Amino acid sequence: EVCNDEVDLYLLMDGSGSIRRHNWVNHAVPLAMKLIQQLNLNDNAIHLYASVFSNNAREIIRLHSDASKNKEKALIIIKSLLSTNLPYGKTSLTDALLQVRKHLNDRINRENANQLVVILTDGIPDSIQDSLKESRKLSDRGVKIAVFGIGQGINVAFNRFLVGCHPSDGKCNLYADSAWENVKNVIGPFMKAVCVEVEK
């Protein structure tokens, strides 16, 4: 009853920055699924988009649910689409944010919808400055950015600053993080709190 409003949500997976990719490769997609399970994906509510790979190239696509097609298939489709990211490893966050901006520019949005980028990351961008530059173009267009950080390879101050908070001080509703062992229990609440803040 929380993630129930008109929102265009762009889910961006950004990892792994780690030397031992096992955790990201085994758990990033189940983590993203858990987040997506918090969303009301009725056409009058949340429209869910995801950055994915197709024909060796990065692309933004809409994810549907539960479409008029069979239940298990709709789940499998989403899970496979998300999994196209895994073979490609670490990719430019700057380029991903730029693609979201182009996507928003190419289409008319719903009159009363909010635009939101949710980033799942276990590392830091190739370029901090290029990334910050893009995020500000987005926020200048009224787009909100939330970030979920995982593990010990993240920079918390960067994540907080990226979503518009103070680098260290004060609560930041658009940011949360966790160690791998705990992410499954923290991500649901994070998505909910993100929806709440977005409606304010």
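Numbers follow the displayed sequence, beginning with 1.
Higher mean CA B-factor, judged across 71-79 and 85-93 from the recorded values: 71-79. The mean C-alpha temperature factor is higher for 166-174 when 26-34 and 166-174 are set side by side.
The maximum CA B-factor among the listed residues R160, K144, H47, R141, taken from the PDB record, is found at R141. Per the PDB entry, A57 shows the highest C-alpha temperature factor of the residues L39, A57, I154, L132.
Looking at the C-alpha B-factors along this chain, the one for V2 belongs to the highest third. In this PDB entry, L9 carries a Cα temperature factor that places it within the lowest third of its chain's modelled residues. When the CA B factors of the chain's modelled residues are split into thirds, the value for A113 lands in the middle one. Ranked by Cα temperature factor within the chain, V196 sits in the highest third according to the deposited record.
Among the modelled residues of its chain, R101 has a C-alpha B-factor that falls in the lowest third according to the deposited record.
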